[PDB]
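Participant: Pasting protein_25.pdb here (PDB, C-alpha atoms (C1' of nucleotides) and all ligand atoms):
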```pdb
ATOM      1  CA  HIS A   4    -151.990 -89.800 234.942
ATOM      2  CA  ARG A   5    -149.812 -89.671 231.844
ATOM      3  CA  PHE A   6    -152.693 -89.706 229.350
ATOM      4  CA  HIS A   7    -155.943 -87.759 229.570
ATOM      5  CA  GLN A   8    -159.177 -88.125 227.631
ATOM      6  CA  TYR A   9    -160.554 -84.936 226.093
ATOM      7  CA  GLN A  10    -163.687 -84.056 224.161
ATOM      8  CA  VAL A  11    -162.768 -81.621 221.383
ATOM      9  CA  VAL A  12    -165.453 -79.708 219.493
ATOM     10  CA  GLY A  13    -164.922 -77.616 216.381
ATOM     11  CA  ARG A  14    -166.259 -76.759 212.957
ATOM     12  CA  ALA A  15    -165.345 -75.186 209.659
ATOM     13  CA  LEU A  16    -165.144 -71.408 209.692
ATOM     14  CA  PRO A  17    -168.598 -69.848 209.151
ATOM     15  CA  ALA A  18    -168.608 -68.615 205.561
ATOM     16  CA  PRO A  19    -171.319 -66.984 203.414
ATOM     17  CA  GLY A  20    -171.739 -70.338 201.671
ATOM     18  CA  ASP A  21    -173.074 -71.975 204.846
ATOM     19  CA  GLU A  22    -172.800 -69.501 207.781
ATOM     20  CA  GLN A  23    -174.056 -72.257 210.124
ATOM     21  CA  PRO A  24    -171.612 -75.114 209.514
ATOM     22  CA  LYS A  25    -171.825 -78.595 210.980
ATOM     23  CA  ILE A  26    -170.299 -79.344 214.389
ATOM     24  CA  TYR A  27    -167.727 -82.111 214.859
ATOM     25  CA  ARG A  28    -166.752 -83.816 218.115
ATOM     26  CA  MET A  29    -164.006 -86.281 218.994
ATOM     27  CA  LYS A  30    -162.776 -88.169 222.049
ATOM     28  CA  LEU A  31    -158.989 -88.100 221.926
ATOM     29  CA  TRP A  32    -156.214 -89.303 224.216
ATOM     30  CA  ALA A  33    -153.315 -86.907 224.739
ATOM     31  CA  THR A  34    -150.870 -85.807 227.408
ATOM     32  CA  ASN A  35    -152.242 -82.246 227.594
ATOM     33  CA  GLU A  36    -154.748 -79.989 225.839
ATOM     34  CA  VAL A  37    -152.365 -78.520 223.254
ATOM     35  CA  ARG A  38    -151.560 -82.024 222.031
ATOM     36  CA  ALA A  39    -155.261 -82.944 222.035
ATOM     37  CA  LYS A  40    -156.262 -80.036 219.803
ATOM     38  CA  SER A  41    -153.432 -80.766 217.364
ATOM     39  CA  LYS A  42    -154.537 -84.390 217.042
ATOM     40  CA  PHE A  43    -158.133 -83.225 216.565
ATOM     41  CA  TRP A  44    -157.145 -80.951 213.687
ATOM     42  CA  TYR A  45    -155.147 -83.866 212.268
ATOM     43  CA  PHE A  46    -158.226 -86.092 212.063
ATOM     44  CA  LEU A  47    -160.551 -83.332 210.866
ATOM     45  CA  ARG A  48    -158.191 -82.586 207.976
ATOM     46  CA  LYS A  49    -157.844 -86.256 207.032
ATOM     47  CA  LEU A  50    -161.399 -87.508 207.666
ATOM     48  CA  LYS A  51    -163.450 -84.425 206.898
ATOM     49  CA  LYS A  52    -161.948 -81.714 204.690
ATOM     50  CA  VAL A  53    -161.597 -79.074 207.416
ATOM     51  CA  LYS A  54    -158.094 -78.099 208.487
ATOM     52  CA  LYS A  55    -157.073 -75.747 211.274
ATOM     53  CA  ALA A  56    -156.617 -72.746 208.978
ATOM     54  CA  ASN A  57    -160.196 -73.060 207.674
ATOM     55  CA  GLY A  58    -161.765 -74.157 210.964
ATOM     56  CA  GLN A  59    -162.816 -72.905 214.382
ATOM     57  CA  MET A  60    -162.140 -74.531 217.752
ATOM     58  CA  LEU A  61    -165.274 -74.440 219.890
ATOM     59  CA  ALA A  62    -164.690 -76.421 223.096
ATOM     60  CA  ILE A  63    -162.254 -78.788 224.794
ATOM     61  CA  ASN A  64    -163.143 -80.666 227.980
ATOM     62  CA  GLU A  65    -161.389 -83.427 229.900
ATOM     63  CA  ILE A  66    -163.319 -86.642 230.537
ATOM     64  CA  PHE A  67    -162.840 -88.313 233.911
ATOM     65  CA  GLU A  68    -163.370 -91.802 235.282
ATOM     66  CA  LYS A  69    -166.699 -92.138 237.079
ATOM     67  CA  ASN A  70    -165.508 -94.639 239.719
ATOM     68  CA  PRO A  71    -161.712 -94.587 240.074
ATOM     69  CA  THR A  72    -161.837 -97.071 242.970
ATOM     70  CA  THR A  73    -163.309-100.118 241.194
ATOM     71  CA  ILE A  74    -161.653-102.374 238.618
ATOM     72  CA  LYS A  75    -163.062-102.372 235.085
ATOM     73  CA  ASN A  76    -162.244-104.482 232.038
ATOM     74  CA  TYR A  77    -161.263-102.191 229.172
ATOM     75  CA  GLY A  78    -161.291-103.112 225.491
ATOM     76  CA  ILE A  79    -159.397-100.957 223.004
ATOM     77  CA  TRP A  80    -159.651-101.108 219.215
ATOM     78  CA  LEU A  81    -156.646 -99.483 217.588
ATOM     79  CA  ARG A  82    -154.900 -98.877 214.286
ATOM     80  CA  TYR A  83    -151.123 -99.055 214.155
ATOM     81  CA  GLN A  84    -148.415 -98.763 211.523
ATOM     82  CA  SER A  85    -145.709-101.431 211.470
ATOM     83  CA  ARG A  86    -142.493-101.431 209.455
ATOM     84  CA  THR A  87    -144.354-102.994 206.501
ATOM     85  CA  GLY A  88    -148.019-102.063 206.353
ATOM     86  CA  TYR A  89    -150.990-101.108 208.488
ATOM     87  CA  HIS A  90    -152.871-103.419 210.838
ATOM     88  CA  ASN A  91    -155.720-103.106 213.307
ATOM     89  CA  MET A  92    -155.869-105.075 216.541
ATOM     90  CA  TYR A  93    -157.997-105.466 219.656
ATOM     91  CA  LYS A  94    -156.475-105.301 223.138
ATOM     92  CA  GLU A  95    -157.939-105.847 226.599
ATOM     93  CA  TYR A  96    -156.802-104.401 229.922
ATOM     94  CA  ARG A  97    -157.799-104.328 233.589
ATOM     95  CA  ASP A  98    -157.516-101.015 235.416
ATOM     96  CA  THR A  99    -159.228 -98.679 237.849
ATOM     97  CA  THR A 100    -159.345 -96.000 235.124
ATOM     98  CA  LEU A 101    -159.437 -96.043 231.347
ATOM     99  CA  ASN A 102    -156.466 -93.677 231.594
ATOM    100  CA  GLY A 103    -154.419 -96.559 232.979
ATOM    101  CA  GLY A 104    -155.585 -98.853 230.203
ATOM    102  CA  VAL A 105    -154.507 -96.384 227.524
ATOM    103  CA  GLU A 106    -151.116 -95.985 229.202
ATOM    104  CA  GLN A 107    -150.954 -99.782 229.349
ATOM    105  CA  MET A 108    -151.873-100.032 225.663
ATOM    106  CA  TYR A 109    -149.171 -97.583 224.598
ATOM    107  CA  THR A 110    -146.551 -99.356 226.721
ATOM    108  CA  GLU A 111    -147.501-102.801 225.401
ATOM    109  CA  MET A 112    -147.398-101.713 221.751
ATOM    110  CA  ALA A 113    -143.963-100.212 222.367
ATOM    111  CA  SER A 114    -142.677-103.477 223.844
ATOM    112  CA  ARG A 115    -144.348-106.262 221.868
ATOM    113  CA  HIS A 116    -144.359-104.539 218.468
ATOM    114  CA  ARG A 117    -141.875-101.635 218.802
ATOM    115  CA  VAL A 118    -144.622 -99.195 217.799
ATOM    116  CA  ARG A 119    -144.310 -95.587 218.932
ATOM    117  CA  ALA A 120    -147.131 -93.241 219.905
ATOM    118  CA  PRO A 121    -147.361 -91.373 216.541
ATOM    119  CA  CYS A 122    -147.984 -94.631 214.645
ATOM    120  CA  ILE A 123    -151.105 -95.536 216.689
ATOM    121  CA  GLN A 124    -154.742 -94.511 216.179
ATOM    122  CA  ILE A 125    -157.293 -95.354 218.868
ATOM    123  CA  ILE A 126    -160.358 -96.460 216.912
ATOM    124  CA  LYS A 127    -162.612 -97.232 219.872
ATOM    125  CA  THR A 128    -162.543 -97.631 223.653
ATOM    126  CA  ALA A 129    -165.179 -99.285 225.830
ATOM    127  CA  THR A 130    -165.812-101.155 229.064
ATOM    128  CA  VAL A 131    -166.437-104.901 228.756
ATOM    129  CA  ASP A 132    -168.382-107.006 231.234
ATOM    130  CA  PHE A 133    -166.354-109.873 232.657
ATOM    131  CA  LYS A 134    -168.785-112.289 230.983
ATOM    132  CA  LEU A 135    -167.815-110.932 227.539
ATOM    133  CA  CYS A 136    -164.035-110.618 227.905
ATOM    134  CA  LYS A 137    -162.211-112.322 225.036
ATOM    135  CA  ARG A 138    -158.481-112.359 225.816
ATOM    136  CA  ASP A 139    -156.848-114.738 228.246
ATOM    137  CA  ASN A 140    -154.911-113.237 231.187
ATOM    138  CA  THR A 141    -158.017-111.098 231.746
ATOM    139  CA  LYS A 142    -160.368-113.996 232.505
ATOM    140  CA  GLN A 143    -157.907-115.698 234.864
ATOM    141  CA  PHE A 144    -158.139-112.648 237.147
ATOM    142  CA  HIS A 145    -161.928-113.012 237.276
ATOM    143  CA  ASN A 146    -161.573-115.770 239.886
ATOM    144  CA  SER A 147    -163.418-114.754 243.056
ATOM    145  CA  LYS A 148    -161.167-117.092 245.090
ATOM    146  CA  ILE A 149    -158.034-115.767 243.385
ATOM    147  CA  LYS A 150    -154.995-116.887 245.369
ATOM    148  CA  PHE A 151    -151.274-117.001 244.585
ATOM    149  CA  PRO A 152    -147.915-116.195 246.201
ATOM    150  CA  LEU A 153    -145.521-113.365 245.375
ATOM    151  CA  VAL A 154    -142.670-115.030 243.477
ATOM    152  CA  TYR A 155    -140.497-111.893 243.157
ATOM    153  CA  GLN A 156    -140.104-109.803 246.310
ATOM    154  CA  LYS A 157    -137.496-107.106 245.458
ATOM    155  CA  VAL A 158    -135.644-107.011 248.773
ATOM    156  CA  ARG A 159    -134.720-103.368 249.394
ATOM    157  CA  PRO A 160    -134.612-100.828 252.237
ATOM    158  CA  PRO A 161    -137.694 -98.603 252.562
ATOM    159  CA  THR A 162    -136.397 -95.039 252.316
ATOM    160  CA  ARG A 163    -132.760 -95.092 251.084
ATOM    161  CA  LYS A 164    -131.463 -93.859 254.441
ATOM    162  CA  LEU A 165    -131.077 -97.492 255.536
ATOM    163  CA  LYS A 166    -128.864 -98.364 252.547
ATOM    164  CA  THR A 167    -125.465 -99.884 253.315
ATOM    165  CA  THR A 168    -122.815-101.292 251.004
ATOM    166  CA  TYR A 169    -122.181-104.277 253.297
ATOM    167  CA  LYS A 170    -124.396-106.561 255.380
ATOM    168  CA  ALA A 171    -123.409-109.113 258.009
ATOM    169  CA  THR A 172    -125.537-111.959 256.636
ATOM    170  CA  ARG A 173    -127.359-113.004 253.502
ATOM    171  CA  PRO A 174    -131.031-112.006 253.262
ATOM    172  CA  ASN A 175    -133.723-114.537 254.061
ATOM    173  CA  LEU A 176    -136.783-114.200 251.846
ATOM    174  CA  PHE A 177    -139.682-116.607 251.476
ATOM    175  CA  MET A 178    -143.118-116.825 249.911
TER     176      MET A 178
ATOM    177  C1'   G B   1    -190.602 -59.099 169.758
ATOM    178  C1'   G B   2    -187.357 -57.940 164.696
ATOM    179  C1'   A B   3    -183.637 -56.048 161.413
ATOM    180  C1'   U B   4    -179.492 -53.177 158.896
ATOM    181  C1'   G B   5    -174.506 -50.493 159.183
ATOM    182  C1'   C B   6    -170.202 -50.195 162.194
ATOM    183  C1'   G B   7    -168.444 -52.716 166.525
ATOM    184  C1'   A B   8    -166.770 -54.890 171.947
ATOM    185  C1'   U B   9    -166.036 -59.595 174.164
ATOM    186  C1'   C B  10    -163.987 -63.680 170.779
ATOM    187  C1'   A B  11    -167.362 -71.228 171.051
ATOM    188  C1'   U B  12    -172.287 -70.245 177.179
ATOM    189  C1'   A B  13    -170.946 -67.362 170.740
ATOM    190  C1'   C B  14    -168.399 -73.364 167.531
ATOM    191  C1'   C B  15    -169.876 -77.912 164.962
ATOM    192  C1'   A B  16    -173.832 -81.774 163.217
ATOM    193  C1'   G B  17    -178.702 -82.901 161.978
ATOM    194  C1'   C B  18    -183.800 -81.304 161.847
ATOM    195  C1'   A B  19    -188.300 -77.346 162.149
ATOM    196  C1'   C B  20    -190.286 -72.525 161.682
ATOM    197  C1'   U B  21    -190.645 -66.962 160.937
ATOM    198  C1'   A B  22    -195.745 -60.923 160.716
ATOM    199  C1'   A B  23    -193.715 -55.946 159.134
ATOM    200  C1'   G B  24    -189.435 -54.086 157.613
ATOM    201  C1'   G B  25    -184.476 -54.572 156.497
ATOM    202  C1'   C B  26    -181.153 -57.756 154.416
ATOM    203  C1'   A B  27    -180.778 -61.297 150.704
ATOM    204  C1'   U B  28    -181.595 -64.192 146.763
ATOM    205  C1'   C B  29    -182.852 -61.894 141.813
ATOM    206  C1'   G B  30    -182.946 -59.248 136.250
ATOM    207  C1'   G B  31    -179.325 -57.206 132.682
ATOM    208  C1'   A B  32    -174.154 -56.327 130.314
ATOM    209  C1'   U B  33    -174.629 -49.519 127.389
ATOM    210  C1'   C B  34    -171.230 -47.140 130.329
ATOM    211  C1'   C B  35    -166.537 -47.867 134.368
ATOM    212  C1'   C B  36    -164.452 -52.434 135.540
ATOM    213  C1'   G B  37    -163.387 -57.807 134.852
ATOM    214  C1'   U B  38    -161.846 -62.450 133.771
ATOM    215  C1'   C B  39    -161.003 -69.103 129.708
ATOM    216  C1'   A B  40    -165.750 -67.762 131.800
ATOM    217  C1'   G B  41    -170.744 -60.857 133.679
ATOM    218  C1'   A B  42    -169.282 -67.706 137.898
ATOM    219  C1'   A B  43    -166.536 -63.988 140.743
ATOM    220  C1'   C B  44    -165.450 -58.562 140.593
ATOM    221  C1'   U B  45    -167.659 -53.937 138.499
ATOM    222  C1'   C B  46    -171.661 -50.948 136.614
ATOM    223  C1'   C B  47    -177.167 -50.348 135.686
ATOM    224  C1'   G B  48    -181.893 -52.004 137.636
ATOM    225  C1'   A B  49    -186.564 -53.729 140.237
ATOM    226  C1'   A B  50    -190.214 -58.803 137.132
ATOM    227  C1'   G B  51    -190.341 -62.634 140.942
ATOM    228  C1'   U B  52    -189.264 -65.210 145.831
ATOM    229  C1'   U B  53    -188.759 -66.159 151.089
ATOM    230  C1'   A B  54    -186.369 -71.951 148.215
ATOM    231  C1'   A B  55    -181.378 -70.597 150.093
ATOM    232  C1'   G B  56    -178.639 -67.029 153.235
ATOM    233  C1'   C B  57    -179.430 -64.393 157.654
ATOM    234  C1'   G B  58    -182.735 -64.970 162.434
ATOM    235  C1'   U B  59    -185.201 -68.257 166.162
ATOM    236  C1'   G B  60    -186.148 -72.910 168.288
ATOM    237  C1'   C B  61    -185.239 -78.415 169.137
ATOM    238  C1'   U B  62    -181.576 -83.029 170.227
ATOM    239  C1'   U B  63    -181.660 -87.928 176.981
ATOM    240  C1'   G B  64    -176.265 -84.735 170.185
ATOM    241  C1'   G B  65    -170.288 -83.659 169.913
ATOM    242  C1'   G B  66    -167.498 -79.623 171.765
ATOM    243  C1'   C B  67    -167.058 -75.355 174.936
ATOM    244  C1'   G B  68    -168.153 -73.018 180.116
ATOM    245  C1'   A B  69    -169.478 -73.394 185.428
ATOM    246  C1'   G B  70    -170.099 -76.622 189.504
ATOM    247  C1'   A B  71    -169.780 -81.152 192.537
ATOM    248  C1'   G B  72    -166.545 -85.037 193.209
ATOM    249  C1'   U B  73    -161.863 -87.110 192.586
ATOM    250  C1'   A B  74    -159.594 -85.377 197.593
ATOM    251  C1'   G B  75    -157.122 -83.289 202.025
ATOM    252  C1'   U B  76    -155.621 -88.030 197.469
ATOM    253  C1'   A B  77    -150.982 -87.025 194.264
ATOM    254  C1'   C B  78    -147.156 -83.592 194.927
ATOM    255  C1'   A B  79    -144.558 -80.290 197.643
ATOM    256  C1'   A B  80    -142.083 -75.630 201.921
ATOM    257  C1'   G B  81    -139.873 -76.285 207.046
ATOM    258  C1'   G B  82    -138.409 -79.939 211.517
ATOM    259  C1'   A B  83    -136.884 -84.586 213.892
ATOM    260  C1'   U B  84    -129.795 -88.100 217.578
ATOM    261  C1'   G B  85    -137.814 -90.163 213.436
ATOM    262  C1'   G B  86    -138.653 -95.866 211.734
ATOM    263  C1'   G B  87    -135.989 -99.005 208.239
ATOM    264  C1'   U B  88    -130.174-102.877 205.874
ATOM    265  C1'   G B  89    -131.698-100.099 202.152
ATOM    266  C1'   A B  90    -135.612 -98.681 198.521
ATOM    267  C1'   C B  91    -138.616 -95.744 200.924
ATOM    268  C1'   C B  92    -141.970 -94.342 204.528
ATOM    269  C1'   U B  93    -144.068 -91.931 209.353
ATOM    270  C1'   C B  94    -145.205 -87.942 212.524
ATOM    271  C1'   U B  95    -145.007 -82.320 213.535
ATOM    272  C1'   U B  96    -145.760 -76.760 211.704
ATOM    273  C1'   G B  97    -147.842 -75.004 206.773
ATOM    274  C1'   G B  98    -149.731 -75.188 201.192
ATOM    275  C1'   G B  99    -152.510 -78.139 198.158
ATOM    276  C1'   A B 100    -153.601 -80.253 192.273
ATOM    277  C1'   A B 101    -155.438 -83.108 187.474
ATOM    278  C1'   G B 102    -158.439 -87.110 183.974
ATOM    279  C1'   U B 103    -162.750 -90.686 184.400
ATOM    280  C1'   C B 104    -167.840 -90.355 186.651
ATOM    281  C1'   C B 105    -172.205 -86.944 187.932
ATOM    282  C1'   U B 106    -175.181 -82.058 187.452
ATOM    283  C1'   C B 107    -176.290 -77.571 185.087
ATOM    284  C1'   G B 108    -175.784 -74.046 181.133
ATOM    285  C1'   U B 109    -175.437 -72.730 175.539
ATOM    286  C1'   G B 110    -174.345 -65.818 175.764
ATOM    287  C1'   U B 111    -173.720 -60.701 177.081
ATOM    288  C1'   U B 112    -173.457 -56.020 175.002
ATOM    289  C1'   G B 113    -172.267 -50.318 172.560
ATOM    290  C1'   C B 114    -173.370 -46.350 168.882
ATOM    291  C1'   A B 115    -176.804 -44.799 164.746
ATOM    292  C1'   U B 116    -180.964 -45.666 161.712
ATOM    293  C1'   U B 117    -185.261 -48.277 161.263
ATOM    294  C1'   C B 118    -189.947 -52.362 161.562
ATOM    295  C1'   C B 119    -194.021 -53.882 164.634
TER     296        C B 119
HETATM  297 MG    MG C   1    -175.775 -62.825 136.486
HETATM  298 MG    MG C   2    -185.448 -69.316 154.406
HETATM  299 MG    MG C   3    -173.975 -80.261 175.563
END
```
Represent the structure of the file as structure tokens.
Ligand SMILES: [Mg+2]
Ligand SMILES: [Mg+2]
Ligand SMILES: [Mg+2]
Facilitator:
Amino acid sequence: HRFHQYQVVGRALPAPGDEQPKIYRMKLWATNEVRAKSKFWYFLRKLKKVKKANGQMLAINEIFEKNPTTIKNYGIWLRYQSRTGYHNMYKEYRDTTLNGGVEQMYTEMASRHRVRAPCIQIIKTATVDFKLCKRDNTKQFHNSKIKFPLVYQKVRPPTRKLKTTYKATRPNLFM
RNA sequence: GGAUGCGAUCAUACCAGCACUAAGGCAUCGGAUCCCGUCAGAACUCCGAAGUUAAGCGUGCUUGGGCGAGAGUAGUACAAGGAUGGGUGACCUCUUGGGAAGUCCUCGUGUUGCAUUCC
């Protein structure tokens, strides 16, 4: 998986003023742990008033998909920066893991809106029952009798050893 | 709980308006020979001790002004380093660091040395 979910826990440095400071937790999506802790300290500085130099890092744990063999419907609420302004949007995805949905979200924002990873803030992630899905192209795959042909086959050899520059006849492909 | 003399800090001590104070000390106060002094014994100077706490000085009060400390403003504004970062540009993102100031709100309104002295 490209993206991992982590639970990061930290607090302000214990000082004689408090000596038992409040504990803060976040669920962040990053490619490894070092990038997860940096993004945590980014949000703690901007949302609370605790930055890394005044704070303590307590724990960091990776969250995993409970059932990576079923298909879930995944809603994502995000904040992104465009060329002119800030906007929030809701996106829906179908995947066996929420990791795949987050990778799907980042890829889609890059294509449809030319938005890079730094300019995106995941507000909220959740699993949505198929009865409550909102976006089209997610409901149409809720058909229990779903049937269709494969309209693009990608004719190719299997293991690159069987590749030849020339062939004696044109390929026959059908669907 | 007070004062006086000489101070330290130099508004938490200043300013404005009100109220009150035992003893003592300060002070107001009486006078113009002498020293001194002016248009003027008002001031300054000299000599006193009839009266008074009215003023001054001291203490307290005010949803007071100011001053001082907090909280908040706000991880905002700004700004050190990095990017073959975005954008036509103006500018703006992210990354490794630093980080303010009015309004608004809360609280406070001194501390203290040496000598002598009053309860
Ligand atoms: Mg006279
Ligand atoms: Mg009086
Ligand atoms: Mg005041």
Participant: Here's the selection I'm unsure about, the PyMOL selection byres (((not hetatm)) within 9 of (chain C and resi 1)); applied to the file above, which residues does it give, as a ChimeraX atom specification?
Facilitator: /B:29-31,41-42
Participant: I need the chosen residues saved as a PDB file, in the coordinates of the input, with C-alpha atoms (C1' of nucleotides).
Facilitator:
```
ATOM      1  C1'   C B  29    -182.852 -61.894 141.813  1.00  0.00           C
ATOM      2  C1'   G B  30    -182.946 -59.248 136.250  1.00  0.00           C
ATOM      3  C1'   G B  31    -179.325 -57.206 132.682  1.00  0.00           C
ATOM      4  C1'   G B  41    -170.744 -60.857 133.679  1.00  0.00           C
ATOM      5  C1'   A B  42    -169.282 -67.706 137.898  1.00  0.00           C
TER       6        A B  42
END
```
Participant: Please extract the residues at most 12 Å from ligand MG 2 (chain C), counting all atoms listed in the file, and provide them as a PyMOL selection string, using the chain letters and residue numbers of this document.
Facilitator: chain B and resi 19-21+27-28+52-59
Participant: Compile the contact shell of residue 138 of chain A as an MDAnalysis selection string: residues with an atom at most 10 Å away, counting all atoms listed in the file, same-chain residues fewer than 2 positions apart removed.
Facilitator: chainID A and resid 78 93:96 135:136 140:143
Participant: Write out the residues from the selection above, keeping C-alpha atoms, as a PDB file, in the coordinates of the input.
Facilitator:
```
ATOM      1  CA  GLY A  78    -161.291-103.112 225.491  1.00  0.00           C
ATOM      2  CA  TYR A  93    -157.997-105.466 219.656  1.00  0.00           C
ATOM      3  CA  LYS A  94    -156.475-105.301 223.138  1.00  0.00           C
ATOM      4  CA  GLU A  95    -157.939-105.847 226.599  1.00  0.00           C
ATOM      5  CA  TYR A  96    -156.802-104.401 229.922  1.00  0.00           C
ATOM      6  CA  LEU A 135    -167.815-110.932 227.539  1.00  0.00           C
ATOM      7  CA  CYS A 136    -164.035-110.618 227.905  1.00  0.00           C
ATOM      8  CA  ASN A 140    -154.911-113.237 231.187  1.00  0.00           C
ATOM      9  CA  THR A 141    -158.017-111.098 231.746  1.00  0.00           C
ATOM     10  CA  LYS A 142    -160.368-113.996 232.505  1.00  0.00           C
ATOM     11  CA  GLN A 143    -157.907-115.698 234.864  1.00  0.00           C
TER      12      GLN A 143
END
```
Participant: Please provide the set of residues having any atom within 9 Å of residue 47 of chain B, restricted to all atoms listed in the file, with same-chain residues fewer than 4 positions apart removed, written as a list in words.
Facilitator: residues 31, 32, 33 and 34 of chain B
Participant: Mind listing as a ChimeraX atom specification which residues of chain A are within 10 Å of chain B, counting all atoms listed in the file?
Facilitator: /A:41,47-54,56,84-88,117-122
Participant: Set the cut-off to 8 Å, count only C-alpha atoms (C1' of nucleotides) and all ligand atoms, and list whatever residues fall near ligand MG 3 (chain C) as a PDB file with C-alpha atoms (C1' of nucleotides), in the frame of the given file.
Facilitator:
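Output below, filename pocket.pdb:
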```
ATOM      1  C1'   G B  64    -176.265 -84.735 170.185  1.00  0.00           C
ATOM      2  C1'   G B  65    -170.288 -83.659 169.913  1.00  0.00           C
ATOM      3  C1'   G B  66    -167.498 -79.623 171.765  1.00  0.00           C
ATOM      4  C1'   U B 109    -175.437 -72.730 175.539  1.00  0.00           C
TER       5        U B 109
END
```
Participant: Can you turn the PyMOL selection byres (((chain A and resi 155-162) around 9) and not hetatm) into a concrete residue list for this file, as JSON, numbers by chain?
Facilitator: {"A": [153, 154, 163, 164, 165, 166, 174, 176, 177, 178]}
Participant: For residue 106 of chain A, which of A:131, A:62, A:79, A:11 is the closest residue, counting only C-alpha atoms?
Facilitator: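 Nearest candidate to residue 106 of chain A out of A:131, A:62, A:79, A:11: A:79.
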Participant: If you apply the PyMOL selection byres (((chain B and resi 103) around 10) and not hetatm) to this file, what residues do you get, as a PyMOL selection string?
Facilitator: chain B and resi 73+102+104
Participant: What's the 10 Å shell around residue 55 of chain A, counting only C-alpha atoms (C1' of nucleotides), without same-chain residues fewer than 5 positions away, as a ChimeraX atom specification?
Facilitator: /A:13-16,40-41,43-45,47-48,60
Participant: Using the file's own x, y and z axes, what box holds all listed atoms of segment 41-54 of chain A with 5 Å on each side, keeping edges along x, y and z, and what are its centre and edge lengths in Å to one decimal, as JSON?
Facilitator:
```
{"center_x": -158.4, "center_y": -82.8, "center_z": 211.0, "size_x": 20.0, "size_y": 19.4, "size_z": 22.7}
```
Participant: Atom CA of residue 10 of chain A and atom CA of residue 57 of chain A are how many Å apart?
Facilitator: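 Interatomic distance, atom CA of residue 10 of chain A to atom CA of residue 57 of chain A: 20.1 Å.
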Participant: Using all atoms listed in the file, which residue out of A:112, A:125, A:81, A:12 lies closest to residue 33 of chain A?
Facilitator: A:125
Participant: Name all residues at most 6 Å from segment 70-76 of chain A (count all atoms listed in the file; drop same-chain ones fewer than 2 positions away) and give them as a list in words.
Facilitator: residues 68, 96, 97, 98, 99, 100, 130 and 131 of chain A
Participant: Using only C-alpha atoms (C1' of nucleotides), which residues sit within 12 Å of residue 115 of chain B once same-chain residues fewer than 6 positions away are excluded, as a VMD selection string?
Facilitator: chain B and resid 4 to 7
Participant: Within 12 Å of (-177.7, -87.4, 188.2), in the coordinates the file gives, what residues turn up when you count only C-alpha atoms (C1' of nucleotides), written out as a list in words?
Facilitator: residues 63, 71, 104, 105, 106 and 107 of chain B
